[PDB]
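Here's a solo chain for you in structure tokens, the form solved without its partner chain.
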């Protein structure tokens, strides 16, 4: 399940950067950006394969990709944030 909705303004500023890159279709900093998210554990709503894609939200100072991501769904405004490597998700509200 999804934890609830969070305003974009209440998430780390790097989440705003990632959403801006998704709207322009890149370029993305990481090679993994844009790959399909399988939702193997069924935390998000069940959908067809390819419905979900994953993008990095940079963690300042990290050497690796870290634990923060945005998962897009195919529906309008359907974007989920995770700050714990896919354990929990919140829907992002871009209007606040």
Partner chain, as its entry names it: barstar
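Numbering follows the first chain given and starts at 1.
- Per the PDB record, of the two stretches 51 to 59 and 30 to 38, 30 to 38 carries the greater mean B-factor over its C-alpha atoms.
- As the entry records it, the average C-alpha temperature factor is higher for 18 to 26, out of 74 to 82 and 18 to 26.
- Residue 65: CA B factor in the highest third of modelled residues in this chain (values from the PDB entry).
- Ranked by Cα temperature factor within the chain, residue 90 sits in the middle third according to the deposited record.
- Ranked within its chain, residue 2 lands in the highest third, by CA B factor from the PDB record.
We do not show the form solved in complex with its partner chain, though everything after this point is about it.
- Interface residue remark: residue 52 is not counted as part of the site for its partner chain in the bound PDB entry, having no heavy atom within 4.5 Å.
- Among heavy atoms of residue 84, some come within 4.5 Å of its partner chain in the bound PDB entry.
- Among heavy atoms of residue 34, none comes within 4.5 Å of its partner chain in the bound PDB entry.
- Scanning 24 to 46 for heavy atoms within 4.5 Å of its partner chain in the bound PDB entry gives 32, 37, 38, 39, 40, 41 in sequence order.
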